[PDB]
Amino acid sequence: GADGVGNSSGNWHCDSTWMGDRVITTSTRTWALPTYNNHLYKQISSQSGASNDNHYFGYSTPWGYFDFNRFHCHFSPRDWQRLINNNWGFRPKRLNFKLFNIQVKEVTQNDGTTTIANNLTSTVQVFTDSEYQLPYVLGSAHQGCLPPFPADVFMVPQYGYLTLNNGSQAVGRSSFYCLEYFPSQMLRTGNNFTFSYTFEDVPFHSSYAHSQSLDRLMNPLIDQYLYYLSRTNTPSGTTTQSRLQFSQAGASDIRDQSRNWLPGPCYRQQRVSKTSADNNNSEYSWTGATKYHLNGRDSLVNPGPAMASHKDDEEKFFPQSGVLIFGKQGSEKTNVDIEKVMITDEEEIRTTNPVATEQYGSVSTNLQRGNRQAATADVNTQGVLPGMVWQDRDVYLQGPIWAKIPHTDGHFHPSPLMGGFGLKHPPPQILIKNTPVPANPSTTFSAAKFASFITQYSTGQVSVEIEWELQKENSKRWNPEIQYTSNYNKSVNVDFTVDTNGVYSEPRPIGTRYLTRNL
Amino acid sequence: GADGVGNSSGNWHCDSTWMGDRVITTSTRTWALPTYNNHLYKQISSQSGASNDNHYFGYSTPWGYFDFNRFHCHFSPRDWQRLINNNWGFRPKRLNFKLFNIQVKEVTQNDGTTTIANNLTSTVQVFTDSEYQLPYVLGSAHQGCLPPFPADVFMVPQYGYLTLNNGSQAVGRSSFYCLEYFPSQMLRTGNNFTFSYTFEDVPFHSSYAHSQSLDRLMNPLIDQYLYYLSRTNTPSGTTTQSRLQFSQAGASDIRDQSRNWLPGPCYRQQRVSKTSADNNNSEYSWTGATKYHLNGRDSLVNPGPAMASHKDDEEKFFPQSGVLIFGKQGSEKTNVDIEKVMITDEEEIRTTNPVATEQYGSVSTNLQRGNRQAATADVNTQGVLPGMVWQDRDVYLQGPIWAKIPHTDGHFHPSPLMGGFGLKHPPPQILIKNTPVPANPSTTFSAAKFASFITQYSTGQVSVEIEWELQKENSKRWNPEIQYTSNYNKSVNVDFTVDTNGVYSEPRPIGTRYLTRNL
Amino acid sequence: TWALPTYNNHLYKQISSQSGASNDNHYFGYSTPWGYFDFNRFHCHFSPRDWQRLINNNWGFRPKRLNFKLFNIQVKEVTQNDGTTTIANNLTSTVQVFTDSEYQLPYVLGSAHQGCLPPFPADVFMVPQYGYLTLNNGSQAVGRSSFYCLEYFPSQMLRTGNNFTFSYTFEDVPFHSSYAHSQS
Amino acid sequence: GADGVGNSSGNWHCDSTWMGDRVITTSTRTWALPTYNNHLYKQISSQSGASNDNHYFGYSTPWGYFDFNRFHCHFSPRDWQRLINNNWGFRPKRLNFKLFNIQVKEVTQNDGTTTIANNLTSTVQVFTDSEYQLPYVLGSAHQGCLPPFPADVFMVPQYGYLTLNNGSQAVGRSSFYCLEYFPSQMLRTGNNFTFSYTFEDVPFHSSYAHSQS
């Protein structure tokens, strides 16, 4: 804190710089914090009637929180292009955070019109847990981000959490956390708040696409010295007899060649098309879904393991849940049409990961003999076999930056499914509250709890700064790369700009992988 | 060794201390060592008639060995409760071992009654391999532990080993080890023996249970910004037509929400019930078992991969082999009833690992089209997919502490299946023998091998000390934890105490995980 | 977080029992405008979980030392004009606080009255009024009964930006016994 | 412990001296220790039929114990008379204790007559709790004192204890103590044992009678 009431508690830094190695990003927004719940905790549970897998049990706090998990908070559409086109990889070294210029208003509903006036003595209290002692809500891809466009004002979302349940009823192991029981900093008008954070080592995200499929690793000019079994039986006469022949695989085959590697694992998806006439007429939405079954209830697998989507020369098809889906500007919550959503497309992983809608391969069912013919079956699911390789999912732009690895005895390969950077100790949650002000107590002592409070809210500015590390590309490719370009044709509205009514919108999803590497 | 015959070679430390960080444990027992095999090695094989998977080939040595692999050796029932209730994790830093007060008796069977007298000149010889050159028998959960109750006397078990076989016949690669070909220390009455050992780094065992299921990671109060496909077709008229709608998943669904993680892998089990009337009438014991097939013979998977057992609000069911089973005091070897065994229950892993008796999930079989409806199948088995998490099995109390990782080119996540700590260099085996004494050779030279020896046995005391490291809990949970408590009601006998005949017994299994953490 | 009303309209009053009453129900005393803070109860200082390190893990405990303070004082004035009240800051108003520490007042604490700090940290509570009793005969005072004016102590007058602190040290006291005996 | 098997582990001090201020007393006895219970603990309870106030619940250990709680152990009838006639008060400042010359015999019941022979390799194990962690049996005025007359030989009594009961049945708070779970010193033939102790301040006992009512 500092001097106040007529002295600002901070300026607007809010700029982006590029040092040739690392990137430094800063952004600033204006927020408004209501009082939630009327200053009291409440338990919340699902409805009486409900599906067995829709039940939940939890609590809802008066507190509220700041979240920037999304890139578009930290990157303009132009700054995003110093990154994509020019770089193979990037990772989040370090960040910095602060709040300033806090001011608290009180409102009076007298008569039919409200009035709003400053309360200079009121306070706001803020803390960051940083010991990871609370349930961690971030990384679930909720709403309430800092707006992508710097001039908008946003509303701070409410905080809540869930724990173990049986039906709609709690179990004995379920925990209840009172946020009032942490140390926090009470901020009056002239006071300000700061903290800084340091990311743990994490591998770079890969913004390259491969220039070679795992099918073809070799030169066609030279034959292998290994043999495979080419032909099972021979035409000895008008009737064939069994004779085993062997061959060496050259450029005329290439399906029969020996290899050191296999594609990544798969957990299979249903296929649907964007053309409405192609798809079947029924509800398969839930029945045809791919699911995992945990403790007697089923849960859809929305992102799934990373897989190529539409195969080759079919754009029309995408896996049912297998992809991320973003909404356009101003889309309603429920039952919205096809042209309102923006469906992501991942074709860049064809070279390693298998297509989401097709089988991994085929495997031999039985042992052949003289009188019993061979047989085989398609394998729809694979775990990880020694000697396989894969890629991860794009981070895109408006998608999530990081997620927290659960605390467990084992985990295989931490990278999270939606995208981005798995962290064992991610950026800590920041929680904020309006301190309650009692209103006009009775003259005689009571001992009952106060039901009456002054109605008030607060507002101010918030600033975030992150340092990013870059991985440059060095490549001998002769011919030019594919780049991200805005169309040069004329239009009614420019892309990624405000319209005539002052509404900022994002036309399309933008993925991170354009530049090409060889496998 | 030291001065002897009238001077003791050691005292009894045998105590437990708690330093606030690490635990130090000591225990002392009295043992008796017979001579086995009549001082000679023998090969042993399975019976002539036998199942193809019951064959074995091996050897049986005169030597015998000390094993403490079990916690109840090192922990009383009370000492076990500063650990469980007060701590999140513990691991075995260091240990210490010694033998002392050796005395050797010789017995004469003359007439119809034996007499037993000291032999002061006889010796006992002891060694520890420590280079891991012998077959390692420990970790197979055999009998012969130090007794749990300090006042009992125990018998030292015989040592043997198995190697490659074909049928009941040996192969050419099978190895034969003569324990006489190691250096050993010959201990006479006044002599004593010691060595110490240091555990390699191993991750803490997790004595917490999770307060959140992997289903629910998020706050119900806020909607996601991601979309899923809610409804496949639309009622355009008395007949429906295909139209794709999308939706955002809030608290009213939660089965459709996007997630960054998946449950652990599964290899499925058959389900049985404790109520006798429920189960089917037949022998499915072997036929309905889950098995793995190695070199043309089948082997039951007794512990299996770690899984939750009875699901939710069904206690009555447990997986067929999927759990550990302990016997009560004085239970016979074969065909014992249901109320004699103590069946362990693992419900604490529901939040991550899937139930042992149910499928992992469902996967799409085929590609839909206009005229072909969607279809899907249940997946009964999963390997490890990137981005899954799981937990390990409880160590309990009377179960095994550690096991030795096999020496191999690769192994995934070493932790062993029964429970406890996988070690690449575990505590070395200690082997002990009675030195043979010839009896009255003939007056004329023979050159035949001696068939006649003095009949004798030895006894003494043994002491073990282990240092344990503790991991304290720091938690903001408001409401109280579940703890382990002995019932306060009156009873004929107290639990974990001797009866009226002086027989110590353990009433129930005690697992290590009570205190709760958030996922 | 607390809220302090003005009691009695800024004046002392003597109080006595009712005219008709049982001989053992009579009392004589005074009621002050002042009000007081009391935490005499454990649930103020211990959550239900923190209470379980103590019980399960320990034979005895005693209160070595304590520390106390008040901060973020703000004073509101209310206007009853018409049918609806309005409430606004008075920035120049003060609040005055003292601790006797010489044990010169009647000591009300330890009688297990209401008005503790709430057990749950998010609640707001109301500061209770202070009063005391002295010798009586029937409903009438005796000559030895004493009258204490709290205005006659030194106190600290706290305006909006001011704060208050003091600390205290317990005298030696034997541990409380949280064991039960295993032998009769 | 020390050298043994042909070397004594201690002498007989066993004397009384008077310094004009403080008294120093010493006494020595010979003991015999049987094995009790056949090397195992047993719970013990009262009989089925019994009065409500005669019920008890407890355990009986294989262990046995030394007790001198009685003056006649430490005072002859003559030494008792400097004290009484010549003094107003006395209190127990300090004590010292030891065991020595341990020898272990083994017995064979063969035929109709027993034989008894030395076992030189056998041991005896002794400890003192000193942290007061066991039930304290002493001070209940049981039998088994060191004899008053120095030439007698005595038998070491068995140890046992009681805890909470309801009827003849145990309650949940009742405790079970295994004496094997203490550190102890294992004494072979040539070994010996010692410890010393210091009394806390206690007021003198009053050996005067009043000359005024």
# chains A, B, ... in the order shown; residues from 1 in each chain; ligands from 1
$ interface_residues --of "chain B" --to "chain D" --cutoff "10 Å" --atoms "only C-alpha atoms" --output "VMD selection string"
chain B and resid 3 to 16 26 to 29 76 101 to 104 113 to 118 120 149 to 153 189 to 190 460 486 to 504
$ residues_around --residues "residue 86 in chain C" --least-positions-apart "4" --cutoff "9 Å" --atoms "only C-alpha atoms" --output "PyMOL selection string"
(chain A and resi 108+110) or (chain C and resi 77-81)
$ write_last_selection --atoms "C-alpha atoms" --output "PDB file, in the first residue's frame"
ATOM      1  CA  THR A 108     -28.775   3.256  -2.319  1.00  0.00           C
ATOM      2  CA  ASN A 110     -34.179   4.599  -2.172  1.00  0.00           C
TER       3      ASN A 110
ATOM      4  CA  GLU C  77     -23.962   8.189  11.079  1.00  0.00           C
ATOM      5  CA  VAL C  78     -27.600   7.470  10.287  1.00  0.00           C
ATOM      6  CA  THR C  79     -30.479   9.806   9.422  1.00  0.00           C
ATOM      7  CA  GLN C  80     -34.064   8.665  10.000  1.00  0.00           C
ATOM      8  CA  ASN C  81     -35.564  11.425   7.827  1.00  0.00           C
TER       9      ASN C  81
END
$ closest_residue --among "B:440, B:213, B:51, B:85" --to "chain A" --atoms "only C-alpha atoms"
B:213
$ closest_atom_pairs --of "chain C" --to "chain D" --cutoff "8 Å" --atoms "only C-alpha atoms" --output "JSON lines"
{"residue": "C:182", "atom": "CA", "partner": "D:174", "partner_atom": "CA", "distance": 5.6}
{"residue": "C:183", "atom": "CA", "partner": "D:163", "partner_atom": "CA", "distance": 4.7}
{"residue": "C:184", "atom": "CA", "partner": "D:164", "partner_atom": "CA", "distance": 6.3}
$ write_last_selection --atoms "N, CA and C atoms" --output "short mmCIF file (atom, residue, chain, number, x, y, z; two decimals), in the first residue's frame"
data_model
loop_
_atom_site.label_atom_id
_atom_site.label_comp_id
_atom_site.auth_asym_id
_atom_site.auth_seq_id
_atom_site.Cartn_x
_atom_site.Cartn_y
_atom_site.Cartn_z
N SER C 182 -6.19 -45.67 32.70
CA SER C 182 -6.37 -47.07 32.34
C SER C 182 -6.48 -47.98 33.55
N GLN C 183 -6.46 -47.44 34.76
CA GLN C 183 -6.63 -48.22 35.97
C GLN C 183 -7.58 -47.50 36.91
N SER C 184 -8.50 -48.25 37.50
CA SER C 184 -9.32 -47.69 38.56
C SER C 184 -8.54 -47.68 39.86
#
$ interface_residues --of "chain C" --to "chain B" --cutoff "7 Å" --atoms "only C-alpha atoms" --output "MDAnalysis selection string"
chainID C and resid 47:49
$ select_by_dssp --residues "range 6-81 of chain D" --states "helix (DSSP H, G or I)" --output "list in words"
residues 71, 72, 73, 74, 80 and 81 of chain D
$ write_last_selection --atoms "C-alpha atoms" --output "PDB file, in the first residue's frame"
ATOM      1  CA  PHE D  71      12.103 -51.855  56.841  1.00  0.00           C
ATOM      2  CA  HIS D  72      13.011 -55.242  58.302  1.00  0.00           C
ATOM      3  CA  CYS D  73      14.862 -55.865  55.063  1.00  0.00           C
ATOM      4  CA  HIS D  74      17.140 -52.919  55.818  1.00  0.00           C
ATOM      5  CA  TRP D  80      16.471 -50.255  64.639  1.00  0.00           C
ATOM      6  CA  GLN D  81      17.240 -48.990  68.169  1.00  0.00           C
TER       7      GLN D  81
END
$ atom_distance --atom1 "CA of residue 128 in chain A" --atom2 "CA of residue 87 in chain B"
25.7 Å
$ residues_around --residues "range 362-379 of chain A" --least-positions-apart "2" --cutoff "12 Å" --atoms "only C-alpha atoms" --output "PDB file with N, CA, C and O atoms, in the first residue's frame"
ATOM      1  N   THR A 232       2.403 -67.013 -50.433  1.00  0.00           N
ATOM      2  CA  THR A 232       2.175 -68.166 -49.567  1.00  0.00           C
ATOM      3  C   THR A 232       2.186 -69.486 -50.325  1.00  0.00           C
ATOM      4  O   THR A 232       2.741 -70.476 -49.841  1.00  0.00           O
ATOM      5  N   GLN A 241      -0.307 -75.656 -54.667  1.00  0.00           N
ATOM      6  CA  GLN A 241       0.219 -76.272 -53.455  1.00  0.00           C
ATOM      7  C   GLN A 241       0.941 -75.214 -52.637  1.00  0.00           C
ATOM      8  O   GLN A 241       1.309 -74.160 -53.165  1.00  0.00           O
ATOM      9  N   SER A 242       1.149 -75.500 -51.358  1.00  0.00           N
ATOM     10  CA  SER A 242       1.770 -74.533 -50.465  1.00  0.00           C
ATOM     11  C   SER A 242       3.286 -74.532 -50.618  1.00  0.00           C
ATOM     12  O   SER A 242       3.946 -75.549 -50.394  1.00  0.00           O
ATOM     13  N   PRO A 265      -0.661 -44.082 -29.824  1.00  0.00           N
ATOM     14  CA  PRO A 265      -1.825 -44.862 -29.386  1.00  0.00           C
ATOM     15  C   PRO A 265      -3.138 -44.204 -29.772  1.00  0.00           C
ATOM     16  O   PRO A 265      -3.192 -43.011 -30.076  1.00  0.00           O
ATOM     17  N   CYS A 266      -4.214 -44.989 -29.736  1.00  0.00           N
ATOM     18  CA  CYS A 266      -5.522 -44.475 -30.107  1.00  0.00           C
ATOM     19  C   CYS A 266      -6.601 -45.009 -29.178  1.00  0.00           C
ATOM     20  O   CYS A 266      -6.508 -46.112 -28.644  1.00  0.00           O
ATOM     21  N   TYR A 267      -7.626 -44.184 -28.993  1.00  0.00           N
ATOM     22  CA  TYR A 267      -8.880 -44.528 -28.344  1.00  0.00           C
ATOM     23  C   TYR A 267      -9.974 -43.957 -29.240  1.00  0.00           C
ATOM     24  O   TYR A 267     -10.089 -42.736 -29.364  1.00  0.00           O
ATOM     25  N   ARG A 268     -10.775 -44.821 -29.857  1.00  0.00           N
ATOM     26  CA  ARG A 268     -11.406 -44.462 -31.126  1.00  0.00           C
ATOM     27  C   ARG A 268     -12.645 -43.585 -30.938  1.00  0.00           C
ATOM     28  O   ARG A 268     -13.322 -43.635 -29.911  1.00  0.00           O
ATOM     29  N   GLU A 358     -10.703 -43.981 -37.420  1.00  0.00           N
ATOM     30  CA  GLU A 358     -10.384 -45.278 -37.993  1.00  0.00           C
ATOM     31  C   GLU A 358      -9.535 -46.096 -37.031  1.00  0.00           C
ATOM     32  O   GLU A 358      -8.927 -45.566 -36.100  1.00  0.00           O
ATOM     33  N   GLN A 359      -9.494 -47.403 -37.279  1.00  0.00           N
ATOM     34  CA  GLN A 359      -8.829 -48.336 -36.384  1.00  0.00           C
ATOM     35  C   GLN A 359      -7.317 -48.146 -36.413  1.00  0.00           C
ATOM     36  O   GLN A 359      -6.753 -47.574 -37.347  1.00  0.00           O
ATOM     37  N   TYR A 360      -6.657 -48.632 -35.362  1.00  0.00           N
ATOM     38  CA  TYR A 360      -5.203 -48.555 -35.302  1.00  0.00           C
ATOM     39  C   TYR A 360      -4.570 -49.510 -36.302  1.00  0.00           C
ATOM     40  O   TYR A 360      -3.556 -49.191 -36.931  1.00  0.00           O
ATOM     41  N   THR A 381      -8.428 -49.969 -30.156  1.00  0.00           N
ATOM     42  CA  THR A 381      -7.834 -49.260 -29.036  1.00  0.00           C
ATOM     43  C   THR A 381      -6.416 -49.756 -28.808  1.00  0.00           C
ATOM     44  O   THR A 381      -6.151 -50.955 -28.903  1.00  0.00           O
ATOM     45  N   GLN A 382      -5.512 -48.835 -28.491  1.00  0.00           N
ATOM     46  CA  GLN A 382      -4.139 -49.173 -28.149  1.00  0.00           C
ATOM     47  C   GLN A 382      -3.658 -48.380 -26.953  1.00  0.00           C
ATOM     48  O   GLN A 382      -3.840 -47.163 -26.889  1.00  0.00           O
ATOM     49  N   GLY A 383      -3.042 -49.079 -26.011  1.00  0.00           N
ATOM     50  CA  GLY A 383      -2.177 -48.442 -25.054  1.00  0.00           C
ATOM     51  C   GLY A 383      -0.841 -48.164 -25.689  1.00  0.00           C
ATOM     52  O   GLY A 383      -0.658 -48.268 -26.898  1.00  0.00           O
TER      53      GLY A 383
ATOM     54  N   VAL B 363     -16.087 -47.600 -26.803  1.00  0.00           N
ATOM     55  CA  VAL B 363     -15.364 -47.102 -27.966  1.00  0.00           C
ATOM     56  C   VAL B 363     -16.192 -47.394 -29.209  1.00  0.00           C
ATOM     57  O   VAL B 363     -16.909 -48.396 -29.274  1.00  0.00           O
ATOM     58  N   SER B 364     -16.104 -46.504 -30.195  1.00  0.00           N
ATOM     59  CA  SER B 364     -16.914 -46.608 -31.405  1.00  0.00           C
ATOM     60  C   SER B 364     -16.359 -47.687 -32.324  1.00  0.00           C
ATOM     61  O   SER B 364     -15.168 -47.686 -32.643  1.00  0.00           O
ATOM     62  N   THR B 365     -17.223 -48.613 -32.741  1.00  0.00           N
ATOM     63  CA  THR B 365     -16.805 -49.698 -33.622  1.00  0.00           C
ATOM     64  C   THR B 365     -16.716 -49.273 -35.085  1.00  0.00           C
ATOM     65  O   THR B 365     -15.735 -49.595 -35.763  1.00  0.00           O
ATOM     66  N   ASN B 366     -17.714 -48.557 -35.595  1.00  0.00           N
ATOM     67  CA  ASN B 366     -17.891 -48.400 -37.032  1.00  0.00           C
ATOM     68  C   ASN B 366     -18.093 -46.940 -37.408  1.00  0.00           C
ATOM     69  O   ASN B 366     -18.281 -46.071 -36.555  1.00  0.00           O
ATOM     70  N   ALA B 377     -18.690 -50.540 -28.588  1.00  0.00           N
ATOM     71  CA  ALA B 377     -18.385 -51.727 -27.804  1.00  0.00           C
ATOM     72  C   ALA B 377     -17.673 -51.339 -26.517  1.00  0.00           C
ATOM     73  O   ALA B 377     -16.988 -50.317 -26.451  1.00  0.00           O
ATOM     74  N   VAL B 379     -14.831 -51.690 -23.733  1.00  0.00           N
ATOM     75  CA  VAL B 379     -13.414 -52.021 -23.706  1.00  0.00           C
ATOM     76  C   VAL B 379     -13.072 -52.562 -22.323  1.00  0.00           C
ATOM     77  O   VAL B 379     -13.203 -51.862 -21.314  1.00  0.00           O
TER      78      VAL B 379
END
$ residues_around --residues "residue 83 in chain A" --least-positions-apart "6" --cutoff "12 Å" --atoms "only C-alpha atoms" --output "PyMOL selection string"
chain A and resi 18+20-23+75-77+89-91+205-208+396-397+468-473+483-484+511-515
$ select_by_dssp --residues "range 362-513 of chain B" --states "strand (DSSP E or B)" --output "ChimeraX atom specification"
/B:362-364,376-379,381,388-390,400,402-404,421-423,430-434,438,453,456-472,491,498,504
$ write_last_selection --atoms "C-alpha atoms" --output "CSV table (one decimal), in the first residue's frame"
chain,number,residue,atom,x,y,z
B,362,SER,CA,-16.9,-47.7,-24.5
B,363,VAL,CA,-15.4,-47.1,-28.0
B,364,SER,CA,-16.9,-46.6,-31.4
B,376,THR,CA,-20.0,-49.1,-30.0
B,377,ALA,CA,-18.4,-51.7,-27.8
B,378,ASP,CA,-17.2,-52.0,-24.2
B,379,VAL,CA,-13.4,-52.0,-23.7
B,381,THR,CA,-8.7,-53.7,-21.1
B,388,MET,CA,-3.7,-40.8,-17.3
B,389,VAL,CA,-3.2,-40.9,-13.5
B,390,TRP,CA,-3.6,-43.6,-10.9
B,400,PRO,CA,5.1,-57.1,2.5
B,402,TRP,CA,9.5,-54.3,-0.4
B,403,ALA,CA,10.3,-56.2,-3.5
B,404,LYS,CA,13.2,-56.4,-6.0
B,421,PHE,CA,8.6,-50.3,-2.3
B,422,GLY,CA,10.3,-51.6,-5.4
B,423,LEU,CA,14.1,-51.6,-5.0
B,430,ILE,CA,21.1,-63.5,5.1
B,431,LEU,CA,21.9,-67.2,5.1
B,432,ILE,CA,22.8,-69.4,8.0
B,433,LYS,CA,23.8,-73.0,8.5
B,434,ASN,CA,24.9,-75.6,11.1
B,438,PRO,CA,31.4,-86.1,11.5
B,453,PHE,CA,26.8,-87.0,11.6
B,456,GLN,CA,22.5,-81.1,16.6
B,457,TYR,CA,20.8,-77.7,16.3
B,458,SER,CA,21.5,-74.1,17.3
B,459,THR,CA,19.6,-71.2,18.7
B,460,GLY,CA,20.1,-67.5,19.6
B,461,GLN,CA,18.7,-64.0,19.3
B,462,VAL,CA,18.4,-61.6,16.4
B,463,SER,CA,17.9,-57.9,16.2
B,464,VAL,CA,16.8,-55.6,13.4
B,465,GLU,CA,16.7,-51.8,13.3
B,466,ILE,CA,15.2,-49.6,10.5
B,467,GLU,CA,15.1,-45.8,10.1
B,468,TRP,CA,12.0,-44.4,8.4
B,469,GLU,CA,11.4,-40.9,7.0
B,470,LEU,CA,8.1,-39.2,7.5
B,471,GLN,CA,6.2,-36.7,5.4
B,472,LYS,CA,4.0,-34.4,7.5
B,491,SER,CA,-15.9,-57.4,24.9
B,498,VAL,CA,-3.3,-62.3,24.0
B,504,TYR,CA,-1.7,-63.5,20.1
$ residues_around --residues "range 141-150 of chain C" --least-positions-apart "5" --cutoff "9 Å" --atoms "only C-alpha atoms" --output "MDAnalysis selection string"
chainID C and resid 12 27:30 32 34 105:106 133:136
$ interface_residues --of "chain A" --to "chain B" --cutoff "6 Å" --atoms "only C-alpha atoms" --output "count of residues only"
52
$ atom_distance --atom1 "CA of residue 203 in chain D" --atom2 "CA of residue 128 in chain D"
26.4 Å
$ residues_around --residues "range 126-132 of chain C" --least-positions-apart "2" --cutoff "8 Å" --atoms "only C-alpha atoms" --output "ChimeraX atom specification"
/A:441,445-447 /C:2-5,7,29-37,106,108,115,124,134
$ closest_residue --among "D:158, D:46, D:206, D:25" --to "residue 76 in chain D" --atoms "only C-alpha atoms"
D:25
$ residues_around --residues "range 88-101 of chain D" --least-positions-apart "5" --cutoff "7 Å" --atoms "only C-alpha atoms" --output "PyMOL selection string"
chain D and resi 8-10+192-199+204-208
$ atom_distance --atom1 "CA of residue 273 in chain A" --atom2 "CA of residue 316 in chain A"
5.3 Å
